[PDB]
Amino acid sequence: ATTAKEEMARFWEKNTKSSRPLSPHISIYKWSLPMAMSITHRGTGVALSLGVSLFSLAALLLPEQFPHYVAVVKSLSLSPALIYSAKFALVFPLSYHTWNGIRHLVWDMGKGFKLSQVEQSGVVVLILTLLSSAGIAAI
């Protein structure tokens, strides 16, 4: 007999030195909406964090304070469409990640696991995201 750990060490040992190829995965795998929404949740979280970091870095390093930059931008009296566009772009990731985040906390309580419910919650997340994002980019 070989214990489980020994079986694991020889598997790696045998294969990494073999000429066996690694079968494709991400390049051949069929997507689903849940799968896409999953990685979008991680992508929005990383983007939100990088944004919070960039903003705190600007607080420590730029010569002026927030009110001056707000005013600067305003002094360009940019077109409302563009303004709206930008607010929408800002709030969308936050929005998507909050709602899908709520869906993840619900899963953490063990609810909503039937696959047909996973498809439903994802779609409820998409529409709430879109709605709350148009709502807010309008305020």
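Heads up: residue numbers just count along the shown sequence, starting at 1.
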item: 52-60 versus 69-77 - greater average Cα B-factor per the deposited record; value: 69-77
item: Greater mean Cα temperature factor according to the PDB record, 26-34 or 78-86; value: 78-86
item: CA B-factor ranking of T129, expressed as a third of its chain; value: middle
item: Chain thirds of CA B-factor: placement of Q120; value: lowest
